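protein.cif (mmCIF, C-alpha atoms and all ligand atoms)
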data_model
loop_
_atom_site.label_atom_id
_atom_site.label_comp_id
_atom_site.auth_asym_id
_atom_site.auth_seq_id
_atom_site.Cartn_x
_atom_site.Cartn_y
_atom_site.Cartn_z
CA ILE L 1 -32.21 -81.62 26.97
CA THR L 2 -31.07 -78.24 25.67
CA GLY L 3 -28.75 -78.46 22.70
CA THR L 4 -28.40 -77.95 18.97
CA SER L 5 -30.48 -79.92 16.48
CA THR L 6 -28.51 -82.21 14.20
CA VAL L 7 -28.94 -85.32 12.06
CA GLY L 8 -27.49 -88.74 12.80
CA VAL L 9 -27.50 -91.99 10.86
CA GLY L 10 -27.87 -95.63 11.77
CA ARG L 11 -29.55 -98.92 10.96
CA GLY L 12 -32.94 -100.18 12.11
CA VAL L 13 -34.04 -103.60 13.30
CA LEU L 14 -34.33 -104.92 9.72
CA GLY L 15 -30.86 -103.70 8.71
CA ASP L 16 -32.00 -100.64 6.73
CA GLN L 17 -30.04 -97.40 6.99
CA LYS L 18 -31.87 -94.19 7.84
CA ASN L 19 -31.21 -90.69 9.13
CA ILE L 20 -32.60 -89.63 12.50
CA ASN L 21 -33.02 -86.21 14.11
CA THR L 22 -30.85 -85.92 17.23
CA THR L 23 -29.79 -83.24 19.72
CA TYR L 24 -26.15 -82.48 20.51
CA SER L 25 -25.09 -81.54 24.05
CA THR L 26 -21.86 -83.33 24.97
CA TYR L 27 -23.60 -86.48 23.71
CA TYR L 28 -25.94 -86.96 20.76
CA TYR L 29 -29.43 -87.66 22.10
CA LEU L 30 -32.37 -89.31 20.34
CA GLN L 31 -34.34 -86.09 20.63
CA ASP L 32 -36.01 -84.83 17.44
CA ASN L 33 -36.77 -81.11 17.73
CA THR L 34 -38.24 -80.82 14.21
CA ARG L 35 -41.69 -82.19 15.17
CA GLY L 36 -44.00 -80.49 17.65
CA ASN L 37 -42.53 -80.25 21.13
CA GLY L 38 -40.11 -83.06 20.41
CA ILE L 39 -39.82 -86.80 19.88
CA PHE L 40 -37.78 -88.39 22.68
CA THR L 41 -36.51 -91.98 22.68
CA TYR L 42 -35.26 -93.66 25.86
CA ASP L 43 -33.33 -96.77 26.88
CA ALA L 44 -35.01 -98.99 29.47
CA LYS L 45 -31.79 -101.05 29.71
CA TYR L 46 -33.67 -104.38 29.97
CA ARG L 47 -35.57 -103.20 33.07
CA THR L 48 -39.18 -102.11 33.61
CA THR L 49 -38.58 -98.67 35.13
CA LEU L 50 -39.96 -96.04 32.76
CA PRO L 51 -39.06 -94.05 30.81
CA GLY L 52 -35.43 -94.92 31.50
CA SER L 53 -32.58 -92.77 30.19
CA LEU L 54 -32.85 -90.46 27.20
CA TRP L 55 -30.83 -92.29 24.58
CA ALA L 56 -27.26 -90.94 24.53
CA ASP L 57 -24.73 -91.68 21.80
CA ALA L 58 -21.13 -90.53 21.61
CA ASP L 59 -20.66 -90.04 17.84
CA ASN L 60 -24.17 -89.63 16.33
CA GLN L 61 -23.76 -92.97 14.50
CA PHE L 62 -26.27 -95.66 15.42
CA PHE L 63 -25.13 -98.86 13.68
CA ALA L 64 -24.75 -101.10 16.74
CA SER L 65 -27.14 -104.02 17.16
CA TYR L 66 -28.15 -102.52 20.52
CA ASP L 67 -29.02 -99.23 18.77
CA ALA L 68 -31.41 -100.65 16.17
CA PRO L 69 -34.66 -100.72 18.22
CA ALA L 70 -34.06 -97.11 19.28
CA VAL L 71 -33.43 -96.03 15.69
CA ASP L 72 -36.76 -97.45 14.53
CA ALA L 73 -38.86 -96.33 17.50
CA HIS L 74 -37.47 -92.82 17.01
CA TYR L 75 -37.80 -92.79 13.22
CA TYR L 76 -41.24 -94.41 13.01
CA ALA L 77 -42.58 -92.09 15.71
CA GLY L 78 -41.60 -89.30 13.33
CA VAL L 79 -43.34 -90.94 10.37
CA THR L 80 -46.52 -91.38 12.42
CA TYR L 81 -46.35 -87.76 13.54
CA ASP L 82 -46.04 -86.74 9.89
CA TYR L 83 -49.02 -88.89 8.92
CA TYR L 84 -51.35 -87.30 11.45
CA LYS L 85 -50.12 -83.77 10.71
CA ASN L 86 -50.04 -83.99 6.91
CA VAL L 87 -53.09 -86.22 6.37
CA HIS L 88 -55.43 -85.20 9.22
CA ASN L 89 -54.06 -81.80 10.31
CA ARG L 90 -53.54 -83.21 13.82
CA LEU L 91 -50.51 -82.00 15.79
CA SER L 92 -49.22 -85.01 17.75
CA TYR L 93 -51.57 -87.30 19.68
CA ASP L 94 -53.23 -84.60 21.81
CA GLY L 95 -53.70 -82.15 18.93
CA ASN L 96 -51.41 -79.62 20.64
CA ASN L 97 -47.98 -81.06 19.76
CA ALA L 98 -47.49 -83.11 22.91
CA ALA L 99 -44.00 -84.56 23.20
CA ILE L 100 -43.83 -88.16 21.97
CA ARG L 101 -41.76 -90.41 24.23
CA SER L 102 -40.71 -94.01 23.55
CA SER L 103 -38.68 -96.50 25.58
CA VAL L 104 -36.95 -99.52 24.02
CA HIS L 105 -35.11 -102.50 25.53
CA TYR L 106 -38.05 -102.86 27.92
CA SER L 107 -37.51 -105.86 30.22
CA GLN L 108 -35.95 -109.11 28.95
CA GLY L 109 -37.43 -111.12 26.09
CA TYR L 110 -40.62 -109.05 26.23
CA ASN L 111 -42.90 -110.08 23.34
CA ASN L 112 -45.05 -106.95 23.23
CA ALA L 113 -45.30 -103.18 22.90
CA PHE L 114 -47.79 -100.80 24.43
CA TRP L 115 -48.91 -97.27 25.17
CA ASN L 116 -48.98 -96.91 28.96
CA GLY L 117 -51.08 -93.74 29.11
CA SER L 118 -48.01 -91.48 28.82
CA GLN L 119 -45.53 -93.05 26.37
CA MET L 120 -44.78 -95.95 24.06
CA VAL L 121 -42.87 -99.00 25.30
CA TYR L 122 -41.20 -101.65 23.12
CA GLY L 123 -39.88 -105.03 24.12
CA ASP L 124 -37.01 -106.70 22.30
CA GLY L 125 -38.95 -109.92 21.81
CA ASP L 126 -37.42 -113.30 22.64
CA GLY L 127 -35.97 -113.75 19.14
CA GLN L 128 -38.51 -116.51 18.40
CA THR L 129 -42.00 -115.01 18.75
CA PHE L 130 -40.75 -111.47 18.05
CA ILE L 131 -37.67 -109.46 17.21
CA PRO L 132 -37.60 -105.90 18.65
CA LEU L 133 -41.11 -104.67 18.03
CA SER L 134 -40.27 -101.07 17.10
CA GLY L 135 -39.04 -102.60 13.82
CA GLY L 136 -42.66 -102.66 12.65
CA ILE L 137 -44.01 -99.32 11.50
CA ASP L 138 -47.55 -100.67 11.88
CA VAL L 139 -46.72 -101.60 15.48
CA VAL L 140 -45.31 -98.14 16.25
CA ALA L 141 -48.27 -96.40 14.62
CA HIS L 142 -50.66 -98.84 16.32
CA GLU L 143 -49.42 -97.84 19.77
CA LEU L 144 -49.25 -94.09 19.08
CA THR L 145 -52.81 -94.29 17.76
CA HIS L 146 -53.87 -95.55 21.20
CA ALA L 147 -52.73 -92.13 22.44
CA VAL L 148 -54.85 -90.41 19.79
CA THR L 149 -57.81 -92.51 20.89
CA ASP L 150 -57.19 -91.82 24.59
CA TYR L 151 -57.29 -88.06 23.85
CA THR L 152 -60.38 -88.19 21.61
CA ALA L 153 -63.09 -90.88 21.80
CA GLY L 154 -61.58 -92.42 24.94
CA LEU L 155 -62.89 -95.91 24.16
CA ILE L 156 -62.85 -98.05 27.30
CA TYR L 157 -60.43 -100.95 26.87
CA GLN L 158 -62.94 -103.75 27.31
CA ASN L 159 -65.69 -105.50 25.35
CA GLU L 160 -66.93 -103.85 22.15
CA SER L 161 -65.57 -100.37 22.91
CA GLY L 162 -62.17 -101.96 23.56
CA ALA L 163 -62.33 -103.94 20.32
CA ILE L 164 -63.06 -100.70 18.47
CA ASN L 165 -60.09 -99.16 20.27
CA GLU L 166 -57.90 -102.01 19.00
CA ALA L 167 -59.29 -101.88 15.46
CA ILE L 168 -58.68 -98.12 15.25
CA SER L 169 -55.03 -98.78 16.14
CA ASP L 170 -54.75 -101.55 13.54
CA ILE L 171 -56.48 -99.38 10.92
CA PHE L 172 -54.29 -96.32 11.30
CA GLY L 173 -51.25 -98.48 11.97
CA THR L 174 -51.89 -99.96 8.53
CA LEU L 175 -52.66 -96.58 6.95
CA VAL L 176 -49.38 -95.21 8.30
CA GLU L 177 -47.63 -98.26 6.84
CA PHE L 178 -49.19 -97.44 3.46
CA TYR L 179 -48.30 -93.77 3.96
CA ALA L 180 -44.61 -94.63 4.35
CA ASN L 181 -45.07 -97.04 1.43
CA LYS L 182 -42.46 -99.68 2.30
CA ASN L 183 -43.87 -103.18 1.75
CA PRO L 184 -47.39 -102.08 2.78
CA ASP L 185 -50.09 -104.65 3.46
CA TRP L 186 -53.26 -105.23 5.46
CA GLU L 187 -51.41 -107.46 7.94
CA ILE L 188 -50.32 -106.52 11.47
CA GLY L 189 -46.81 -107.01 12.80
CA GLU L 190 -45.43 -109.05 9.90
CA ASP L 191 -42.06 -107.27 9.94
CA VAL L 192 -41.24 -108.25 13.55
CA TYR L 193 -43.30 -111.43 14.03
CA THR L 194 -41.70 -114.91 14.05
CA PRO L 195 -38.38 -114.28 12.25
CA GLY L 196 -38.19 -118.00 11.45
CA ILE L 197 -41.60 -118.20 9.74
CA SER L 198 -42.17 -116.41 6.44
CA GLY L 199 -45.44 -114.91 5.28
CA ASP L 200 -47.27 -114.85 8.63
CA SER L 201 -48.36 -112.02 10.91
CA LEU L 202 -49.99 -111.36 14.27
CA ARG L 203 -53.39 -110.35 12.87
CA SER L 204 -54.95 -110.00 9.42
CA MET L 205 -57.32 -107.21 8.48
CA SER L 206 -58.04 -108.76 5.07
CA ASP L 207 -58.83 -112.19 6.56
CA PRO L 208 -58.99 -112.16 10.37
CA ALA L 209 -60.05 -115.82 10.44
CA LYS L 210 -56.58 -116.67 9.11
CA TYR L 211 -55.48 -116.45 12.77
CA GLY L 212 -58.68 -117.48 14.53
CA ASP L 213 -60.18 -114.01 14.87
CA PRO L 214 -63.87 -113.40 14.08
CA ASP L 215 -64.76 -111.86 10.73
CA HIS L 216 -68.49 -111.56 11.51
CA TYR L 217 -70.51 -110.33 14.47
CA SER L 218 -72.14 -113.74 14.92
CA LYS L 219 -68.65 -115.11 15.71
CA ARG L 220 -67.75 -112.50 18.33
CA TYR L 221 -65.98 -113.71 21.47
CA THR L 222 -68.08 -113.15 24.60
CA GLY L 223 -65.80 -114.55 27.32
CA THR L 224 -63.61 -112.68 29.77
CA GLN L 225 -60.11 -113.30 28.38
CA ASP L 226 -58.27 -110.38 26.79
CA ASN L 227 -60.50 -107.79 28.49
CA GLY L 228 -63.40 -109.43 26.67
CA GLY L 229 -61.46 -110.17 23.49
CA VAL L 230 -60.37 -106.65 22.54
CA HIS L 231 -57.63 -108.06 20.29
CA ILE L 232 -60.02 -110.76 19.03
CA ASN L 233 -63.28 -108.99 18.20
CA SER L 234 -61.23 -106.21 16.60
CA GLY L 235 -61.16 -108.54 13.59
CA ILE L 236 -64.83 -107.76 12.95
CA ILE L 237 -64.10 -104.04 12.64
CA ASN L 238 -60.78 -104.58 10.85
CA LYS L 239 -62.64 -106.60 8.22
CA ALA L 240 -65.26 -103.86 7.83
CA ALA L 241 -62.52 -101.25 7.38
CA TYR L 242 -60.68 -103.48 4.90
CA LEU L 243 -63.89 -103.88 2.89
CA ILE L 244 -64.61 -100.13 2.90
CA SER L 245 -61.18 -99.44 1.42
CA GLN L 246 -60.55 -102.44 -0.83
CA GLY L 247 -64.04 -103.80 -1.54
CA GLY L 248 -65.05 -107.43 -1.79
CA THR L 249 -67.88 -109.89 -1.27
CA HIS L 250 -67.96 -111.27 2.28
CA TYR L 251 -70.45 -113.96 3.29
CA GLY L 252 -72.20 -113.06 0.05
CA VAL L 253 -72.53 -109.33 0.78
CA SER L 254 -70.77 -107.17 -1.81
CA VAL L 255 -68.91 -103.98 -0.89
CA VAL L 256 -67.60 -101.41 -3.38
CA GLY L 257 -64.22 -100.17 -2.19
CA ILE L 258 -63.57 -96.43 -1.93
CA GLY L 259 -59.82 -96.44 -1.24
CA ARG L 260 -57.52 -95.97 1.73
CA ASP L 261 -57.60 -92.17 1.91
CA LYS L 262 -61.40 -92.04 2.24
CA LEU L 263 -61.33 -94.86 4.81
CA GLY L 264 -58.91 -92.76 6.86
CA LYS L 265 -60.97 -89.57 6.59
CA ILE L 266 -64.18 -91.39 7.55
CA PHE L 267 -62.73 -93.26 10.53
CA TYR L 268 -60.67 -90.30 11.74
CA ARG L 269 -63.80 -88.14 11.70
CA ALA L 270 -65.73 -90.90 13.48
CA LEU L 271 -62.99 -91.23 16.10
CA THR L 272 -62.67 -87.51 16.81
CA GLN L 273 -66.27 -86.30 16.38
CA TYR L 274 -68.75 -89.09 17.13
CA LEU L 275 -67.31 -91.95 19.20
CA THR L 276 -67.46 -91.92 23.00
CA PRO L 277 -65.79 -94.03 25.71
CA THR L 278 -68.66 -96.57 25.71
CA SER L 279 -69.42 -96.81 21.98
CA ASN L 280 -70.35 -100.29 20.76
CA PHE L 281 -70.12 -101.78 17.26
CA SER L 282 -73.59 -100.58 16.26
CA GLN L 283 -72.73 -97.06 17.42
CA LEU L 284 -69.48 -97.23 15.43
CA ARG L 285 -71.51 -98.04 12.31
CA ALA L 286 -73.71 -94.99 12.89
CA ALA L 287 -70.63 -92.84 13.54
CA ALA L 288 -68.98 -94.00 10.31
CA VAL L 289 -72.19 -93.47 8.32
CA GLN L 290 -72.57 -89.96 9.74
CA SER L 291 -68.90 -89.20 9.08
CA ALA L 292 -69.20 -90.38 5.47
CA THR L 293 -72.39 -88.32 5.17
CA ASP L 294 -70.61 -85.22 6.48
CA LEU L 295 -67.71 -85.65 4.07
CA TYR L 296 -69.43 -86.90 0.90
CA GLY L 297 -73.21 -86.59 1.24
CA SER L 298 -76.03 -88.92 2.22
CA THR L 299 -76.48 -90.22 -1.35
CA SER L 300 -72.78 -90.86 -1.98
CA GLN L 301 -71.07 -94.11 -2.87
CA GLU L 302 -68.94 -93.59 0.25
CA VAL L 303 -71.96 -93.72 2.56
CA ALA L 304 -73.29 -96.71 0.60
CA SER L 305 -70.00 -98.60 0.94
CA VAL L 306 -69.83 -97.96 4.70
CA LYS L 307 -73.31 -99.47 5.02
CA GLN L 308 -72.44 -102.49 2.87
CA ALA L 309 -69.24 -103.17 4.83
CA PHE L 310 -70.91 -103.19 8.23
CA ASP L 311 -73.75 -105.27 6.77
CA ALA L 312 -71.12 -107.72 5.52
CA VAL L 313 -69.72 -108.26 9.03
CA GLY L 314 -73.22 -108.39 10.52
CA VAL L 315 -73.15 -105.06 12.38
CA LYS L 316 -76.52 -103.30 12.19
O1 LIG M 1 -33.02 -108.83 21.13
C1 LIG M 1 -32.19 -107.75 21.64
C2 LIG M 1 -31.57 -107.04 20.50
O2 LIG M 1 -32.59 -106.35 19.77
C3 LIG M 1 -30.54 -106.02 20.94
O3 LIG M 1 -29.92 -105.49 19.84
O4 LIG M 1 -29.51 -106.63 21.83
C4 LIG M 1 -30.14 -107.30 22.98
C5 LIG M 1 -31.17 -108.33 22.56
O5 LIG M 1 -31.84 -108.82 23.74
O1 LIG M 2 -23.57 -103.54 24.33
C1 LIG M 2 -24.51 -102.53 24.76
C2 LIG M 2 -24.06 -101.21 24.25
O2 LIG M 2 -24.26 -101.19 22.82
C3 LIG M 2 -24.80 -100.05 24.88
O3 LIG M 2 -24.23 -98.85 24.48
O4 LIG M 2 -24.78 -100.12 26.36
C4 LIG M 2 -25.35 -101.39 26.82
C5 LIG M 2 -24.60 -102.58 26.25
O5 LIG M 2 -25.28 -103.78 26.64
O1 LIG M 3 -27.61 -108.71 26.25
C1 LIG M 3 -28.41 -109.57 27.12
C2 LIG M 3 -29.82 -109.55 26.65
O2 LIG M 3 -29.89 -110.30 25.42
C3 LIG M 3 -30.81 -110.17 27.62
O3 LIG M 3 -32.08 -109.77 27.28
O4 LIG M 3 -30.57 -109.79 29.05
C4 LIG M 3 -29.15 -109.97 29.41
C5 LIG M 3 -28.29 -109.09 28.52
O5 LIG M 3 -26.92 -109.14 28.95
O1 LIG M 4 -57.93 -120.60 13.78
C1 LIG M 4 -57.83 -121.53 12.66
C2 LIG M 4 -56.43 -121.95 12.48
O2 LIG M 4 -55.98 -122.63 13.67
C3 LIG M 4 -56.28 -122.87 11.29
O3 LIG M 4 -54.95 -123.19 11.12
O4 LIG M 4 -56.79 -122.23 10.04
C4 LIG M 4 -58.18 -121.79 10.22
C5 LIG M 4 -58.35 -120.88 11.43
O5 LIG M 4 -59.74 -120.57 11.61
CA CA M 5 -22.61 -94.44 18.12
CA CA M 6 -45.71 -104.68 5.55
CA CA M 7 -48.45 -104.50 8.15
CA CA M 8 -42.79 -114.25 10.64
ZN ZN M 9 -53.39 -102.14 20.80
#

Take the structure in the file and write it out as structure tokens.
Amino acid sequence: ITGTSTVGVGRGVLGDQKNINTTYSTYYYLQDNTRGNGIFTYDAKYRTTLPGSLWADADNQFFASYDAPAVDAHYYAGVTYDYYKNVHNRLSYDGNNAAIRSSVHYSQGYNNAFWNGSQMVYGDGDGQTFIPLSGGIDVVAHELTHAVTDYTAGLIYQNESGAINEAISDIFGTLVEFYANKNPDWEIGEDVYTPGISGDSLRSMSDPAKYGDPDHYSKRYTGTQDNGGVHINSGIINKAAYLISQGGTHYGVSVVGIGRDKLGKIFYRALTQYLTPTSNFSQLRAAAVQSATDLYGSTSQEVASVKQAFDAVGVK
């Protein structure tokens, strides 16, 4: 909508207060004009018609329980935009400041979030498996990274290319979480997963096997569930990325960590320069090696650590 840019305040899913960029035109809309061509947050009103209604508020104060998922989807979309612009010089998910749109209150008791090819969508959870999923910055960044992937490598969402697609979203979801620097970890979804169970998460990058996901290529799932296990075999790549950044000895193979920033530069370059829709795990290794070579040289520790990490998870 056309209006004047202003700043509101509210509370997110976890009860934390934050300011949000809004637009005033009779009502205050969750429309942030300070980033690219706008960040727009919508209310699906417990239905599945998308995008729903652009979120309208009468007084620019968003402290109602019903407001919280919108606050966080809107705010964390902005953080993720900032990450890609400030860290990778990428303007929104298409590189040309495409508008970022998010809908919350999707359906009833919906225990998931997703990028639908045009926008992000967040369920409220059922209060047992999940609370509203936009409360997790790694979830928000995970989904928006799917958009980045769709506009760059275009990894098909099945089998190994789909598992890479998932891992990329977990990797940059985590790197955005570290970028914002509020309780950062190498776990996925911990902030919105199982409110009645402490210390758990949906996936682990540091130890995928914690939740039954493979941490080595020999353990990859080869059935048909989950589009060929795209959320399962992602653990193999998540572990490799974790090792590149943090180091460790995995199945007896030692990896010297090079830190989160260099992990991001290597995998972002791989994603945007070398990966293709049909890339498999072995092609990802080559892409990451070439990216590290571009950035730091063929004889660098960085290239060495990329090789060790993929060796450690059995990807040749
Ligand atoms: O879980 C939902 C909650 O996030 C919202 O605030 O009010 C409706 C609930 O279904
Ligand atoms: O209570 C909710 C209210 O906060 C919102 O503004 O409109 C929908 C209602 O369910
Ligand atoms: O607020 C209620 C919400 O919790 C549920 O998801 O659908 C019915 C609504 O009235
Ligand atoms: O999937 C397994 C899980 O069920 C168990 O609790 O801990 C080990 C995991 O491999
Ligand atoms: Ca209000
Ligand atoms: Ca965390
Ligand atoms: Ca996390
Ligand atoms: Ca939990
Ligand atoms: Zn995903």

Skipping near chain neighbours, those fewer than 5 positions away, what residues fall within 9 Å of residue 273 of chain L using all atoms listed in the file, listed as number ranges by chain? L: 152-153, 268, 287, 291

Size and centre in Å, one decimal, axis-aligned box, all listed segment 164-170 of chain L atoms plus 6 Å per side, as AutoDock Vina command-line options:
--center_x -58.9 --center_y -100.1 --center_z 16.9 --size_x 20.3 --size_y 15.9 --size_z 18.7

Could you give me the residues within 9 Å of ligand CA 8 (chain M), counting only C-alpha atoms and all ligand atoms, as a PyMOL selection string? chain L and resi 129-130+189-202

Include C-alpha atoms and write out the residues we just selected as an mmCIF file, keeping the file's coordinate frame.
data_model
loop_
_atom_site.group_PDB
_atom_site.id
_atom_site.type_symbol
_atom_site.label_atom_id
_atom_site.label_comp_id
_atom_site.auth_asym_id
_atom_site.auth_seq_id
_atom_site.Cartn_x
_atom_site.Cartn_y
_atom_site.Cartn_z
ATOM 1 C CA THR L 129 -42.000 -115.010 18.750
ATOM 2 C CA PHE L 130 -40.750 -111.470 18.050
ATOM 3 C CA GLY L 189 -46.810 -107.010 12.800
ATOM 4 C CA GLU L 190 -45.430 -109.050 9.900
ATOM 5 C CA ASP L 191 -42.060 -107.270 9.940
ATOM 6 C CA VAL L 192 -41.240 -108.250 13.550
ATOM 7 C CA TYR L 193 -43.300 -111.430 14.030
ATOM 8 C CA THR L 194 -41.700 -114.910 14.050
ATOM 9 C CA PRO L 195 -38.380 -114.280 12.250
ATOM 10 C CA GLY L 196 -38.190 -118.000 11.450
ATOM 11 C CA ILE L 197 -41.600 -118.200 9.740
ATOM 12 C CA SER L 198 -42.170 -116.410 6.440
ATOM 13 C CA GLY L 199 -45.440 -114.910 5.280
ATOM 14 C CA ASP L 200 -47.270 -114.850 8.630
ATOM 15 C CA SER L 201 -48.360 -112.020 10.910
ATOM 16 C CA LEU L 202 -49.990 -111.360 14.270
#

When you look at residue 39 of chain L with a cut-off of 9 Å (counting only C-alpha atoms), what residues show up, excluding the ones that are within fewer than 5 positions of it in the same chain? I need them as a ChimeraX atom specification. /L:21,30-34,74,77-78,99-102

Please dump the current selection as a PDB file, in the frame of the given file; keep C-alpha atoms.
ATOM      1  CA  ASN L  21     -33.020 -86.210  14.110  1.00  0.00           C
ATOM      2  CA  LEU L  30     -32.370 -89.310  20.340  1.00  0.00           C
ATOM      3  CA  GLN L  31     -34.340 -86.090  20.630  1.00  0.00           C
ATOM      4  CA  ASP L  32     -36.010 -84.830  17.440  1.00  0.00           C
ATOM      5  CA  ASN L  33     -36.770 -81.110  17.730  1.00  0.00           C
ATOM      6  CA  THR L  34     -38.240 -80.820  14.210  1.00  0.00           C
ATOM      7  CA  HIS L  74     -37.470 -92.820  17.010  1.00  0.00           C
ATOM      8  CA  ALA L  77     -42.580 -92.090  15.710  1.00  0.00           C
ATOM      9  CA  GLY L  78     -41.600 -89.300  13.330  1.00  0.00           C
ATOM     10  CA  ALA L  99     -44.000 -84.560  23.200  1.00  0.00           C
ATOM     11  CA  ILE L 100     -43.830 -88.160  21.970  1.00  0.00           C
ATOM     12  CA  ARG L 101     -41.760 -90.410  24.230  1.00  0.00           C
ATOM     13  CA  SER L 102     -40.710 -94.010  23.550  1.00  0.00           C
TER      14      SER L 102
END

Selection within 6 Å of ligand LIG 1 (chain M) by all atoms listed in the file, output as a list in words: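 Residues lying within 6 Å of ligand LIG 1 (chain M): residues 65, 66, 124 and 132 of chain L.
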
For segment 235-250 of chain L, find every residue with an atom within 7 Å (counting only C-alpha atoms), except residues of its own chain fewer than 3 positions away, and show them as a PyMOL selection string. chain L and resi 164+167+171+205-208+213-217+232+253-260+263+305-306+309-310+312-313

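You will find atom CA of residue 173 of chain L at 25.8 Å from atom CA of residue 46 of chain L.
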
Hey, can you check how far atom CA of residue 175 of chain L sits from atom CA of residue 296 of chain L? 20.3 Å

Closest to ligand CA 7 (chain M) among L:271, L:137, L:144, L:304, using only C-alpha atoms and all ligand atoms?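 Of the candidates, the smallest distance to ligand CA 7 (chain M) is held by L:137.
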
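The residues sitting within 6 Å of ligand ZN 9 (chain M), with only C-alpha atoms and all ligand atoms considered, come out as residues 143, 166 and 169 of chain L.
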
Enumerate residues in contact with ligand CA 6 (chain M): an atom-to-atom distance of at most 9 Å, counting all atoms listed in the file. Format the result as a ChimeraX atom specification. /L:136-138,174,177-178,181-191
